[PDB]
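So I pulled this structure from the PDB, and the sequence comes with it:
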Amino acid sequence: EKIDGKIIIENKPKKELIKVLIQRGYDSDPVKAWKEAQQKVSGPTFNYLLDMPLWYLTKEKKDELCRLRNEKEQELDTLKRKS
Amino acid sequence: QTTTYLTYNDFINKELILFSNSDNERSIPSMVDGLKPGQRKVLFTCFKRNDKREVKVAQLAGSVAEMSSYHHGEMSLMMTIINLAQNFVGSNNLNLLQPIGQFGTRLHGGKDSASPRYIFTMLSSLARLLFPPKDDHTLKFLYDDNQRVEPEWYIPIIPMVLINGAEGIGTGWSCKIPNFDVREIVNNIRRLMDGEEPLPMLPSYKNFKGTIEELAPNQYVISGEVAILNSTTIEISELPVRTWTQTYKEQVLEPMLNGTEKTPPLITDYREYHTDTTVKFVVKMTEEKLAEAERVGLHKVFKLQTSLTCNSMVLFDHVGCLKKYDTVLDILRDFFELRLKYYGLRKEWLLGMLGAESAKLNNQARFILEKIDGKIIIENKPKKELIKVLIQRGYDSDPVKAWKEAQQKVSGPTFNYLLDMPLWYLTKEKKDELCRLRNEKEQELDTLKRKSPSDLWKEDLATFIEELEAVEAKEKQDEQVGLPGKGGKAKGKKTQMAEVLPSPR
Amino acid sequence: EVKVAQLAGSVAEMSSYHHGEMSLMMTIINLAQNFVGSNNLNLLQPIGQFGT
Amino acid sequence: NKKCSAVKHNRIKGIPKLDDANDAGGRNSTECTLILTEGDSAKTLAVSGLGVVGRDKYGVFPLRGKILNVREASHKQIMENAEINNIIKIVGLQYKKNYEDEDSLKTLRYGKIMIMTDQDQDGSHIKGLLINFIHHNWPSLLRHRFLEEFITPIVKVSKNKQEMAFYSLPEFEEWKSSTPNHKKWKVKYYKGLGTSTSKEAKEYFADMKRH
DNA sequence: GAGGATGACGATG
DNA sequence: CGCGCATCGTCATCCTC
DNA sequence: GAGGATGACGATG
DNA sequence: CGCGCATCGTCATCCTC
Ligand SMILES: COc1cc([C@@H]2c3cc4c(cc3[C@@H](O[C@@H]3O[C@@H]5CO[C@@H](C)O[C@H]5[C@H](O)[C@H]3O)[C@H]3COC(=O)[C@H]23)OCO4)cc(OC)c1O
C-alpha cells in the first residue's frame, strides 16, 4: 500500500496516522496476542509496522519477504496436514 | 628444535629470570594508577557492566575470569576483591567497592570475613568520578587470548599510590608506602596547578586519633591513647595502626597477667569494652607499679610507640622501568606532569569526534529533508543504483568508521546508517527532536572549542569534593545511628610523650 | 568451549542457586563423567581430565 | 606435663576460638549465657553485635557443621569427636550426674544457652540435633528455661526510609497478597547471617524482646 | 542356617 | 571453609654481650 | 653501643 | 585445594554363635 502511494506518512501526527491505519483493517501484534492468551491462566499496537528501516522499501527485499511468507504458509499447511 | 641436553647457565639466564620479571610485574604497584594487575582486571570488569543494583562476589569473580582473562585461580582472586572493599581503621582511607555485608572487622586481622557467597558488593559513587568515562580512548590495551582486555594503567585525578598505600614483596625489589590524607593531596595539587611550591605532608589515616611524630626524614613514630582514671586503674582507648586487638591481647595482656619465667605478674585485672570501631581496655594494677610505669613511661610499658620508615619507594614508570623514589613531592610532581601531558590528547580526541557526530546528524537530517521534498525515490530501485544516486549528492560514509580507521592506522562506500532508520523518523514529531538534538551537539562542540583543557581538572576536583562531602556525611551517620547514647564513658588526664633521644642513624 | 568456574558463576547468576559454588562444581563434574560404571550417556563433553 | 598442669584452673584456655565472658565460672553464673553459632561467619556477626550489650553475660563459641547424633552411636565414636568434648568442657556437664535441684544448675559455669543459625531448613536441622543431644543424656535440664533461640529476618523492604521485617515466607506472601502498592519497595533476600551489616546487628540486638 | 555391626554412596553443612 | 606451610626483601624489636 | 634471630605483610602455589 | 567429619535409609558383607 505504501508503494502504491495511498498511505502518506510525511509530517503526519503519530495518532492521526494510527487513526488512518486502524480504519484499513490492520490489527495489533499477534505475538503480543498469544503472549496475553498465555498469561491469562496501552491501546492499539502498530509499532512493528513502522519499525522497519527504509531498506525494506526496495524490490530486492520485497521479493525476499514474499518468498519468506510463502515458506511460512507451506510450513503451516504441512503442520495442519501431519500428525 | 630438538634438544639433547641443556646447560645450567642457559637454564638460569633464560627461564628463571622470566619468573623473576613476572613476579616483580605482578607484586609491585605502578606510580600511575596505584594498582596491581589483579586489582586492575577486577576494576575493568566492574567498569564493563553498569551494575545499578548489588551483585554477589562469587558471580563477580566468575565474570572477571570470563572477561579479564584471569588465569590464577578464583580463590586467589576473591581475597583481592575483598581487599579492594575493606574500609575499617588502618585498611584503606578510600574504597572502590561499597561494604555490603561483613568484610572483616579490626579484630582478627581482616581474615574473619564471611564466605564469598555470604557477602554482596557494588561500585561506589566515587569510582566513576575518579575515572572519567571519556578516557578509554586515550589509553592502550592488550589482546591476550585474541580478546579486547584491560589496559596497562588508568589515569585518575589523584595519585592513588599516596591514598591507599602500597605494600608488596617482589624479587630484587620491595614496595612499602604508607597512607596519607586526601584533602592535603587535593590542596597540594590545586597549589601546584597555579605554579606555587608544594607543602611538606605527613602520613595520616582516616578515623584515627593517635599521635604521629616526625623525627628523621622518611621516618615516623605513632603513639596510641592512654589515660589514668583513678590512682589504681588505667584506660587504653586507641592502639596504633598495624595492630590487631586479638593479637595485641594475646601478645601483651596474657604475658603480663601471669608471672613469666623472670618477671612477677605486673597487671592484676583487665576487662574489655570492645566495639566494631573503637576499643576500650580497663586495667587494674598496683599503685606502686603505676608510679613505676609513670617514672619509666606508659607508652614503653604497654608498647604504644611504633616506628616506621620509608626507604622502599620503588614503583614502575609510564614506560615500564623501575625507579627508587626518595620524596613524596617527587611522586606528586611526576604524576602532575604525566596528567598534564594528557589534557591535549583528551581535548583533541573529544574535538573532531563531536564534530563528526554532528556532521553525521547533519547528513541524516539533510537526507530526511530531501526525502520529504520528494527528490530521492527509493521505490523498487536497486541498492547499487540508489548508492550511485546518493554518492553524486555529496553524502559521505560513516564518520565514526572514519575515526575508528584513523585510530587503527597506528568494502566500498558506506551508507547503511542513512537507510537503517525506521519509518517513525519520517514524521515532524521526530524531525523536530532531531533538529533540537543536532543544535545541542553544535552548542557542545562550540563550548569545547571555546574552553581550555587544564581548567577541566579543577572542575572535576570541585565535583569530587562535593561528592566526598556526602560520602563522609553518610559514613559519620553510620556511626551516629550506632551511637548507643547511655554507655560507660570514662574520662581521664592523658599523658603524651616523645622519645627523649632521636637516635637518628 | 567454556571454563567450569565461569559456568558455575553464570549458573549462580541466573539459576538463583543458593547452596555454595563448591557443592555445585562437584555436581557439574558428575554431569560429565563417561567412564565405565559412571554414566551410559553424558550431557557435557569431557574436555580435560574428569577423573579416571 | 608442667604445661598440662598449668592448662587447668584458668577458665577454658584450651581453645583459642572461644571468647569467654567476664563472670563465666565465677559468681552469678546462673545468669551467664552462651551463644552457639553455626560455621564461623556468624561468629563475626555475634562479636560485632556484642559491642552494644556487653561482655559479662554473653559468650560466643563457633561450631563446625552437622553435630554427631548421640542417640544411636558407639561410645568410641562419641569419644572420637573433639567438638562435643569442647562443648562439655566449656559448659561443665557430667554424664551420670542428675540435675534436679537448682544448686546442681548453679554448679555449672553458664546459665542459659542461646543458639542462632541461618533462617533456613539447615539451621532448623542443626537446632534439632542440639536439642536431641541435650535431651538424650540430661532429661531434667529441659524444664528450667535452659535453652533459647535467636532469630533474624529473612527478607526486608525499603522505600523512602521505611522498612518492614519478615521472618517467614508465608508471612511475606500474606503481606504481598493483602497490601496494594506492591513492588514499589526494593526487595532484598537474606540467605546467610554474614549478609547483614553492623547497623542491622545493632538494630537486632536493640530489640531483644522480639528475637 | 541365625543375629548384631558397619561402610558404601551424594548433596549439603 | 578453616587451618594447614612456603617464597621473597626491610626492618622493628628481641634476646645476648 | 654492637651483633645474630625472627616474624610481620600479600599474591600465589 | 586437599583432607578434615556429619546426616539419612538399604544393604552386602563381616565377625560371632
Ligand atoms: C571448615 O569450616 C566450615 C566447613 C563447613 C563444611 C565442612 C565441614 C567439615 C569438613 C568439611 C567441610 C567442607 O565440605 C567438604 O568440601 C570438600 C570439597 O572438596 C571435595 C573433594 O570434598 C568435599 C568434602 O566431601 C566436603 O566435606 C565445607 C564446604 O562448604 C561447607 O559448607 C562445608 O570437614 C570437617 O567438617 C561449613 C562451615 O560453615 C557453614 C564451615 O565454617
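Okay, I see it. Numbering: from 1, shown residues only, chains lettered A, B, ... in the order given.

measure the residue most central in space within chain A to DNA strand E for me?
Nearest to the geometric centre of chain A sits residue A:49, at 5.1 Å (C-alpha atoms, centre = their mean). To DNA strand E, residue A:49 is 48 Å away according to C-beta to the nearest atom of the strand, to the nearest Å. For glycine as for every other residue, the C-beta is placed from the backbone atoms N, C-alpha and C.

didn't that residue look like it was pressed against residue A:22?
No. Between residue A:49 and residue A:22 there is no contact under C-beta atoms under 8 Å: 11.4 Å.

so who does whichever residue of chain D sits closest to the ligand touch?
The ligand sits closest to residue D:39 of chain D, with a gap of 2.6 Å, by C-beta to the nearest ligand atom. Applying C-beta atoms under 8 Å, 6 or more residues apart in numbering or on different chains, one finds that residue D:39 lies in contact with B:115, D:62, D:63, D:64, D:65.

same thing but 10 Å
If you count contacts by C-beta atoms under 10 Å, 6 or more residues apart in numbering or on different chains, residue D:39 has them with B:114-115, B:118, D:62-65, D:117-118, D:126, D:192-194.

Whichever of the residues you listed end up buried, select them in PyMOL.
Remark: buried members of the contacts of residue D:39, expressed as a PyMOL selection using 16 or more other C-beta atoms under 10 Å in any protein chain shown:
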select buried, (chain B and resi 114+115+118) or (chain D and resi 62+63+117+118+126+192+193+194)
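
so can I have JSON lines of the contacts of residue D:39 showing distance to DNA strand G?
As requested, the contacts of residue D:39 are exported to JSON lines (distance: C-beta to the nearest atom of the strand, whole Å):
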{"residue": "B:114", "distance to DNA strand G": "17"}
{"residue": "B:115", "distance to DNA strand G": "17"}
{"residue": "B:118", "distance to DNA strand G": "19"}
{"residue": "D:62", "distance to DNA strand G": "21"}
{"residue": "D:63", "distance to DNA strand G": "26"}
{"residue": "D:64", "distance to DNA strand G": "22"}
{"residue": "D:65", "distance to DNA strand G": "24"}
{"residue": "D:117", "distance to DNA strand G": "30"}
{"residue": "D:118", "distance to DNA strand G": "28"}
{"residue": "D:126", "distance to DNA strand G": "31"}
{"residue": "D:192", "distance to DNA strand G": "23"}
{"residue": "D:193", "distance to DNA strand G": "25"}
{"residue": "D:194", "distance to DNA strand G": "20"}
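
mind checking how far residue A:23 is from residue A:6?
12 Å (C-beta to C-beta, to the nearest Å).

What are the neighbouring residues in contact with residue 45?
Chain wasn't specified; assuming chain A. A:18, A:27, A:28, A:29, A:30, A:32, A:33.

let's do chain D instead
B:101-102, B:114, B:118, D:37, D:60, D:116, D:152, D:192-198, D:200-201, D:204-205.

Just the ones in strands from these, please.
D:37, D:60, D:116 (DSSP state E).

which residue packs closest to residue D:185, ignoring adjacent ones?
If the residues on either side of it in the chain are set aside, residue D:185 comes closest to residue D:157, at 3.5 Å by C-beta to C-beta, 6 or more residues apart in numbering or on different chains.

mind checking the SS state of the residue of chain D closest to the ligand?
coil (DSSP: H, G, I helix; E, B strand; the rest coil).

just to revisit the earlier point, can you check which residues contact both of residue A:49 and residue A:22?
Common contact partners of residue A:49 and residue A:22 (C-beta under 10 Å, 6+ apart): residue A:28.

neighbours around the residue nearest to residue D:165 when sequence neighbours are not counted, how many?
Sequence neighbours aside, residue D:153 is the residue nearest to residue D:165 in space, at 4.5 Å (criterion: C-beta to C-beta, 6+ apart). Residue D:153 has 18 neighbouring residues, counting by other C-beta atoms under 10 Å in any protein chain shown.

now residue A:83: how far from chain D?
For residue A:83, the distance to chain D equals 44 Å [C-beta to the nearest C-beta, to the nearest Å].

Can you tell me how far that residue is from residue D:10?
Residue A:83 is 85 Å from residue D:10, by C-beta to C-beta.

just checking, residue D:38 touches residue D:118?
Yes. Counting by C-beta atoms under 10 Å, residue D:38 does reach residue D:118; the two are 6.9 Å apart.

Overlap of the contact sets of these two?
Counting by C-beta under 10 Å, 6+ apart, the contacts common to residue D:38 and residue D:118 are D:126, D:193.

what residues are up against residue A:6?
The contact partners of residue A:6, by C-beta under 10 Å, 6+ apart, come to A:20, A:24.

Go through chain A and flag its longest helix.
helix A:59-81 (DSSP state H).

Other residues contacting that helix?
A:3, A:52-53, A:55-56, A:58, B:379-384, B:386.

try 8 Å
By C-beta under 8 Å, 6+ apart, the residues outside helix A:59-81 that reach it are A:3, A:55, A:56, B:380, B:382, B:383.

all strands of chain D, in order?
Per DSSP E, chain D carries strands over the ranges D:33-37, D:60-62, D:112-116, D:147-150, D:155-156, D:165-166, D:188-189.

follow-up on the earlier one: how many residues are close by the residue nearest to residue D:185?
18.

Contacts only, for it.
Applying C-beta under 8 Å, 6+ apart, we find residue D:157 in contact with D:163, D:164, D:166, D:185, D:186, D:187, D:188.

The second one reaches residue D:175, doesn't it?
Yes. Applying C-beta under 8 Å, one finds residue D:164 in contact with residue D:175, separated by 7.2 Å.

hmm, back to that, any chance of the contacts of residue A:45 in JSON lines, with distance to DNA strand E too?
Shown next, in JSON lines, are the contacts of residue A:45 (distance: C-beta to the nearest atom of the strand, whole Å):
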{"residue": "A:18", "distance to DNA strand E": "52"}
{"residue": "A:27", "distance to DNA strand E": "47"}
{"residue": "A:28", "distance to DNA strand E": "44"}
{"residue": "A:29", "distance to DNA strand E": "40"}
{"residue": "A:30", "distance to DNA strand E": "41"}
{"residue": "A:32", "distance to DNA strand E": "38"}
{"residue": "A:33", "distance to DNA strand E": "39"}
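
Of those residues, which belong to helices?
Residues of the contacts of residue A:45 located in helices (DSSP H): A:18, A:30, A:32, A:33.

With distance to DNA strand H as added columns, please give those in JSON lines.
Shown next, in JSON lines, are the ones in helices among the contacts of residue A:45 (distance: C-beta to the nearest atom of the strand, whole Å):
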{"residue": "A:18", "distance to DNA strand H": "62"}
{"residue": "A:30", "distance to DNA strand H": "52"}
{"residue": "A:32", "distance to DNA strand H": "49"}
{"residue": "A:33", "distance to DNA strand H": "50"}
